[PDB]
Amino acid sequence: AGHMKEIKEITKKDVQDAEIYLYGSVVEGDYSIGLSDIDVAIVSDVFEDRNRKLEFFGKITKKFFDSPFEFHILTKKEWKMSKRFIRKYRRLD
């Protein structure tokens, strides 16, 4: 319903080099272990600055409040760690 389009546009306006990855129950095919519907990891070393992470998180969650998206604003190292627990993801393209 055009929300993903909006996510990519908001992200890219703030953090041009960020990469977006999708997971959660729909992508991973787990609808019975209580995953979020759609997890959205937004990944850049710009988020090494906690102030930028907070700024961006507040912007994106305000825009998408009470929605099925669960946002994770991560540095590259953090995303590398996150993948250890993720069955399958898709780079948003």
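We number the residues from 1 along the sequence you see.
J.: Should the higher mean CA B-factor in the entry be assigned to 55-63 or to 41-49?
T.: Higher mean C-alpha B-factor in the PDB entry: 55-63.
J.: Within this chain's modelled residues, let me know which third the CA B factor of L92 belongs to: lowest, middle or highest.
T.: For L92, the deposited C-alpha B-factor lands in the highest third.
J.: Quick check on the deposited entry: does the C-alpha B-factor of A1 sit in the lowest, middle or highest third of its chain?
T.: Highest third of the chain for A1's C-alpha B-factor.
J.: Taking the entry's C-alpha B-factors for this chain, is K83 in the lowest, middle or highest third?
T.: Middle third, going by the recorded CA B-factors of the chain.
J.: Place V15 in the lowest, middle or highest third of its chain's C-alpha B-factors, as listed in the PDB entry.
T.: Highest third.
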